[PDB]
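Before any comments, here is the structure.
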Amino acid sequence: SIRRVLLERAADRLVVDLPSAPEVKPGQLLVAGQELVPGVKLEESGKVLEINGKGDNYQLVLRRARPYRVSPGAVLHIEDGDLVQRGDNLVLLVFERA
């Protein structure tokens with residue numbers, strides 16, 4: 001019995017238009033703000049799915065992906081593959097509070 005099923009919305013996908021050949025391959029996780037064109041940087045982070053384009057313009061479709069850094073020594077409550085909800089606890093960090 002399947003607990004959670006996600007549906008990838010079409011509006012949740014972003015399309016990015018650029019006039020030069022990018023530096024990407026399908027399968028790389030990218031952080032927003034870094035270089036795609038000299039002078040142009042993409043505004044929202046995420047993973048690239050497919051590249052469409054030939055000539056003087058490129059169509060770069062996206063899927064939104066927000067990264068989260070974990071500290072060495074953190075207790076992980078979940079692994080990769082299962083699905084999380086909004087506000088769902090994933091990790092526990094150890095720290096010193098003043």
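The way I read the labels, and the way they are meant: chains A, B, ... in the order of the structure tokens, residue 1 as the first residue of every chain, and ligand 1 as the first ligand shown, with later ones counted on from there.
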
**Request:** Would you please give, as a PyMOL selection string, all residues of chain A that DSSP assigns to strand (DSSP E) based on the backbone?
**Result:** chain A and resi 13-18+29-30+35-37+40-41+46-52+58-64+75-76+91-92

**Request:** May I have the residues within 12 Å of residue A:46 as a count of residues only, using only C-alpha atoms and disregarding those fewer than 6 positions away in the same chain?
**Result:** 22

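Atom pair atom CA of residue A:58 / atom CA of residue A:9 has a distance of 22.2 Å (rounded to one decimal).
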
**Prompt:** Contacts of residue A:57 at 9 Å or less, counting only C-alpha atoms, minus same-chain residues fewer than 5 places along, as a PyMOL selection string?
**Reply:** chain A and resi 17-21

Can I get the selected residues back with N, CA, C and O atoms, as a PDB file, in the first residue's frame?
ATOM      1  N   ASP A  17      15.107  30.770 -20.980  1.00  0.00           N
ATOM      2  CA  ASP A  17      15.568  31.064 -22.331  1.00  0.00           C
ATOM      3  C   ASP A  17      16.899  31.804 -22.281  1.00  0.00           C
ATOM      4  O   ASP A  17      17.044  32.795 -21.558  1.00  0.00           O
ATOM      5  N   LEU A  18      17.868  31.312 -23.048  1.00  0.00           N
ATOM      6  CA  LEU A  18      19.216  31.847 -23.152  1.00  0.00           C
ATOM      7  C   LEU A  18      19.714  31.742 -24.590  1.00  0.00           C
ATOM      8  O   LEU A  18      19.375  30.781 -25.290  1.00  0.00           O
ATOM      9  N   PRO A  19      20.491  32.714 -25.071  1.00  0.00           N
ATOM     10  CA  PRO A  19      20.917  32.707 -26.477  1.00  0.00           C
ATOM     11  C   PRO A  19      22.254  32.039 -26.757  1.00  0.00           C
ATOM     12  O   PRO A  19      22.769  32.190 -27.871  1.00  0.00           O
ATOM     13  N   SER A  20      22.836  31.320 -25.801  1.00  0.00           N
ATOM     14  CA  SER A  20      24.130  30.686 -26.003  1.00  0.00           C
ATOM     15  C   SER A  20      24.065  29.247 -25.514  1.00  0.00           C
ATOM     16  O   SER A  20      23.125  28.842 -24.827  1.00  0.00           O
ATOM     17  N   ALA A  21      25.089  28.479 -25.869  1.00  0.00           N
ATOM     18  CA  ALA A  21      25.167  27.082 -25.465  1.00  0.00           C
ATOM     19  C   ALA A  21      25.518  26.990 -23.985  1.00  0.00           C
ATOM     20  O   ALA A  21      26.568  27.502 -23.577  1.00  0.00           O
TER      21      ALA A  21
END

Set the distance at 8 Å and use only C-alpha atoms: which residues neighbour stretch 81-85 of chain A once local chain neighbours fewer than 6 positions away are removed? I'd like the list as a PDB file with C-alpha atoms, in the first residue's frame.
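Output (out_20.pdb):
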ATOM      1  CA  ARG A   4       2.438   9.078  -0.646  1.00  0.00           C
ATOM      2  CA  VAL A   5       2.159   9.836  -4.375  1.00  0.00           C
ATOM      3  CA  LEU A   6       3.470  13.090  -5.832  1.00  0.00           C
TER       4      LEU A   6
END
